[PDB]
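Right, one structure below, let's go through it.
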Amino acid sequence: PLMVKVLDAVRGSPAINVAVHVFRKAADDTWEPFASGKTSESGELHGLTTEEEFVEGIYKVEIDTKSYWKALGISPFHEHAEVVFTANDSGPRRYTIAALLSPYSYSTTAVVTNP
Amino acid sequence: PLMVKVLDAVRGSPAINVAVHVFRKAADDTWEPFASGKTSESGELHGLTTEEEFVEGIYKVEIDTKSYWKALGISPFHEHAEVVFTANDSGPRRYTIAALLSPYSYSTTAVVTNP
Amino acid sequence: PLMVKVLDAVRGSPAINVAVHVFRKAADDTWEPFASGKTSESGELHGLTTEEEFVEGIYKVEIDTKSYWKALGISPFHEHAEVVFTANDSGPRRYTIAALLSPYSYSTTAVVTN
Amino acid sequence: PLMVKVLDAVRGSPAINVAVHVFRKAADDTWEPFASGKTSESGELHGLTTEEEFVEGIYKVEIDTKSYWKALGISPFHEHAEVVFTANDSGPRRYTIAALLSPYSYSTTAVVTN
Ligand SMILES: COc1cccc(OC)c1/C=C/c1cc(Br)c(N)c(Br)c1
Ligand SMILES: COc1cccc(OC)c1/C=C/c1cc(Br)c(N)c(Br)c1
């Protein structure tokens, strides 16, 4: 129900080995760790959560772009890219969070489908 | 060897039923029709060409964004999005041309892999 | 030393009257208010800080995209757009943070000049 | 009535000295030269046309991205970036075409104002 896709706008490739941390806003308004992983050789990260676990809430998907660029050699502008959204508030949906990375820029989109 | 992926930044969905026309620059410097198709329900268009057919050259992938937006109801800025690139000049590669559409904007990227 | 520019990809216009909040990361890892404002008719927000106050550190620029879309009667995906970066003195002097907004997507870049 | 703004997503800067060629679609469906120039130090190109000359029609703005990247010693994907649009009098008066460049990608938007 939650997938992340990351592309590299410099290389024209998937962004591989990108760390991703997901948080969910708690009752007390803190950001609780929810899940985490790394993108694959295809720039994809699946298996973050289950439909049972992925309840309604406000989620933050933090993509560790700095760590990606620095592992490359390369000094980027942003600390990370954070994507924050309400999920599942009209029932369960499947979410793909995509990001396209450059050293001083990124774009992000969502694909939301109703299974 | 040539795939096209189109997303809709307004709806948060694949861009379905988008017409795509591919041209290849000829010896005489004209743009010859090469292939064409429509995106699927997943916003993807496969089956445009074969490795045999997809020789070295300068290719133009014209994504008919205006027709997409107008079929929607909706009056957009651009006539189309054109993606022009040299392909296969270091031997065969697989190319994915992606576009993310809004009424007054688009972004495009390439994913190039060596099979 | 710090400017924000916001554009609207649906209407082909500056994004006007967008709330923007800037925070600086404190020693205890919390985010403290730094500057805020609303974008102008040109989608710009100037006058956020001065050279004196804008010291090296980690800053967050939070753009209230949800309220922007809702005011236009459009349903959006994101709660906000967040741009988090380090200001570094050995780089050029002026930072412009730009964002290009759509309901389910945004783009952001930095223009850092001398 | 027509301005072009080009930014560099790798270096976080204006894209300076980029060649830009503007064409207008002729009655016979060919593209005829209209205006050209090179972006300034601020990544801008002004002075392309006048209100008198910039009549309704289909225009193409071709940004020579390949030469830009090659001059920086970087290998790029695209031959150029093409932006094709109709100018319509019943819309706002001034058109700004912006582009944000990376070696294997670009973004473009229009800001159309009165
Ligand atoms: C879900 O997204 C995908 C899934 C599979 C394959 C894909 O491309 C090969 C994509 C592309 C995503 C994408 C994201 C952003 Br942001 C921009 N700007 C662009 Br252009 C494209
Ligand atoms: C008219 O545009 C401008 C005028 C003055 C200053 C500007 O930034 C400092 C801009 C930004 C343009 C812009 C274009 C794209 Br395409 C994307 N993706 C992004 Br983000 C931003």
Side-chain angles (χ1 to χ4, degrees), chain A residues 12, chain B residues 1-6 18-39 45-67 78-99 106-115, chain D residues 4 6 18-36 58-71 74-85 97 99 101-106 108:
Chain B
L2 180 60
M3 194 264 281
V4 181
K5 174 82 176 182
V6 192
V18 179
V20 179
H21 296 250
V22 186
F23 307 81
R24 181 183 178 276
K25 186 181 277 265
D28 67 354
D29 277 321
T30 66
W31 289 108
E32 180 190 16
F34 179 81
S36 68
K38 292 206 185 223
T39 63
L45 172 55
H46 307 277
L48 284 163
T49 190
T50 60
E51 183 187 323
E52 275 197 15
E53 184 177 73
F54 189 42
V55 294
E56 188 284 333
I58 299 179
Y59 291 80
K60 173 170 60 164
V61 174
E62 196 168 49
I63 305 171
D64 295 332
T65 59
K66 182 176 178 179
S67 288
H78 300 93
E79 292 297 303
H80 45 58
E82 283 164 317
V83 179
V84 183
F85 60 101
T86 301
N88 304 309
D89 60 325
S90 296
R93 306 197 155 177
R94 299 202 196 293
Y95 297 83
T96 303
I97 303 302
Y106 61 89
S107 60
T108 188
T109 197
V111 177
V112 184
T113 70
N114 188 340
Chain D
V4 178
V6 191
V18 181
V20 178
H21 297 255
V22 187
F23 305 87
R24 199 184 173 263
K25 199 177 223 189
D28 72 358
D29 267 351
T30 65
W31 291 111
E32 69 178 41
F34 182 79
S36 60
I58 297 181
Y59 292 83
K60 179 176 52 149
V61 174
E62 184 161 67
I63 304 173
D64 183 2
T65 60
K66 190 177 183 179
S67 301
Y68 177 76
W69 296 116
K70 284 176 63 166
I74 288 164
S75 186
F77 180 73
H78 303 92
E79 289 294 299
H80 40 66
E82 301 265 59
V83 178
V84 182
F85 67 97
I97 301 300
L101 308 184
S102 303
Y104 277 59
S105 182
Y106 61 88
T108 190

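Chain letters run A, B, ... following the sequence lines, proteins first and then strands; every chain starts at 1.
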Separation of [Y] [atom2] from [X] [atom1] (nearest 0.5 Å):
{"X": "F34(B)", "Y": "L2(B)", "atom1": "CZ", "atom2": "CG", "value": "7.0 Å"}
{"X": "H80(B)", "Y": "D64(B)", "atom1": "NE2", "atom2": "CG", "value": "7.0 Å"}
{"X": "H46(B)", "Y": "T96(B)", "atom1": "NE2", "atom2": "OG1", "value": "8.5 Å"}
{"X": "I97(B)", "Y": "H78(D)", "atom1": "CD1", "atom2": "NE2", "value": "6.0 Å"}
{"X": "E62(B)", "Y": "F23(B)", "atom1": "CD", "atom2": "CZ", "value": "5.0 Å"}

Summary of side chain to side chain donor-acceptor pair (under 3.5 Å) pairs that have at least one residue in residues 106-115 of chain B, sequence neighbours excluded
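Passing the test, one end in residues 106-115 of chain B: no pairs.
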Counting N and O atoms only, with roles assigned by atom type, does the side chain of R24(B) sit under 3.5 Å from a partner on the main chain of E56(B), one being a donor and the other an acceptor?
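Flag set: sc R24(B) to bb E56(B) pair under 3.5 Å.
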Shortest non-hydrogen contact from [X] to [Y]?
{"X": "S75(D)", "Y": "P103(D)", "result": "O-CB, 3.9 Å"}
{"X": "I63(B)", "Y": "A99(B)", "result": "CD1-CB, 3.8 Å"}
{"X": "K60(B)", "Y": "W31(B)", "result": "CB-CZ3, 3.7 Å"}

Who pairs with [X] by side-chain contact (heavy atoms from CB on, under 4.5 Å), at least two apart in sequence or on another chain?
{"X": "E32(D)", "result": "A26(D)"}
{"X": "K70(D)", "result": "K66(D), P76(D)"}
{"X": "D29(B)", "result": "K25(B)"}

For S67(B), give me all partners under side-chain hydrogen bond (donor to acceptor under 3.5 Å, both in side chains), at least two apart in sequence or on another chain.
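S67(B) satisfies side-chain hydrogen bond (donor to acceptor under 3.5 Å, both in side chains) with no residue once adjacent residues are dropped.
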Take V112(B) and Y104(D) through the test side chain to side chain contact (heavy atoms under 4.5 Å, CB included) and record every step on the way to the result.
CA-CA 9 Å; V112(B) 184; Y104(D) 277 59; 4.1 Å; yes
Solution key, residues 81-89 of chain B side-chain donor-acceptor pairs under 3.5 Å, sequence neighbours excluded:
{"residue": "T86(B)", "atom": "OG1", "partner": "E79(D)", "partner atom": "OE2", "Å": "3.0"}
{"residue": "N88(B)", "atom": "OD1", "partner": "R93(B)", "partner atom": "N", "Å": "3.1"}
{"residue": "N88(B)", "atom": "ND2", "partner": "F54(B)", "partner atom": "O", "Å": "3.0"}
{"residue": "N88(B)", "atom": "ND2", "partner": "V55(B)", "partner atom": "O", "Å": "3.4"}

